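See below for the structure under consideration.
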2 protein chains.
Amino acid sequence: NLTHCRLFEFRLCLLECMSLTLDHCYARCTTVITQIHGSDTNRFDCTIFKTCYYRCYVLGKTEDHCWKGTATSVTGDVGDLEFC
Amino acid sequence: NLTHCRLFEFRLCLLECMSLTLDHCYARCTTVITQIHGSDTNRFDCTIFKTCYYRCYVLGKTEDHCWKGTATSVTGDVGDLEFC
């Protein structure tokens, strides 16, 4: 499960950070979320989910649909990096 | 470039954490390094390199070769995850 990843939170932080036109929002939110909730949010399978969603966005430039597709399909296993 | 990523530090922390037989060293090391140096170590390209290196390691379980192979051929572009 990706419960402890606090992924919805990262999504809101990411959208809000970019509304401020801050650089490297992906880094800032990971740091912010780590400082509050720690290692649970940096598990490699959280990283896989975030990379599927964030790659989709830098390339697809939707966010709305990139979250739908990731949250419904990507579970965090190492294999997901090449169909997501 | 990937200098701000402090990747060799992460590589040493992971090796140290694993030699102690602790679980979730990728998370713990990402976390401690975050608490110490911050968002520059969590930029999306650092995550690309870390994923190529760590994926090569869970699948093949070599480490030194996965490190050398990733260090020489991965620069952090979003397109690197196709051939790590």
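For neighbour counting, all protein chains shown are included, and Cβ atoms are generated from backbone atoms with ideal geometry for every residue, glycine included. Just so it is clear, none of the values below were taken in a lab; they were calculated from the coordinates.
Take the convex hull of the alpha carbons in the protein assembly as shown; its mean projected area over all directions comes to 9.2 nm².
A Cβ-based charge dipole, computed about the Cα centre of the stretch B:3-82 with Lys and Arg at +1 and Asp and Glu at -1, lands at about 120 debye.
Sequentially through the stretch B:23-36, phi angles give Karplus couplings (6.51, -1.76, 1.60; θ = phi - 60°) of 8, 6, 6, 4, 5, 4, 6, 4, 6, 4, 5, 5, 4, 9 Hz, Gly and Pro residues having no value and appearing as x. Calculated on the Cα set of the stretch A:1-66, radius of gyration then Dmax: 11.4, 32 Å. Over chain B, Cα pairs under 8 Å with separation of 6+ residues give a relative contact order of 31 percent. In chain A, the calculated helix contribution to ellipticity at 222 nm averages -20000 deg cm²/dmol per residue, counting -39,500 (n - 2.57) for every DSSP H run with n ≥ 4. With label points set 7 Å from Cα along Cα→Cβ, the inter-copy distances at residue A:37 are 2.5 nm, sorted shortest first. Label-point spacing for residue A:73 across the identical copies (point 7 Å from Cα in the Cβ direction), in nm and ascending order: 2.6. From least to most packed, judged by other beta carbons within 10 angstrom and beginning with the fewest, B:82, A:63 follow the order B:82, A:63. As I understand it, the dipole of chain B uses +1 on the Cβ of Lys and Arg and -1 on the Cβ of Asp and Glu, about the Cα centre. Which of B:26, B:67, B:51 lies farthest toward its positive end? It is B:26.
For the protein assembly as shown, the number of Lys pairs with C-alpha atoms closer than 25 Å, counting only pairs eight or more positions apart or on separate chains, is 7. Going from the fewest other Cβ atoms within 10 Å to the most, the residues A:48, B:36 appear in the order B:36, A:48. Neighbour counting of Cβ atoms within 10 Å sorts the residues A:41, B:62, B:72, fewest neighbours leading, into B:72, B:62, A:41.
If you take each beta carbon of peptide B:38-46 and count the beta carbons of other chains within 10 angstrom, what is the mean?
The shielding value for this peptide is 6.
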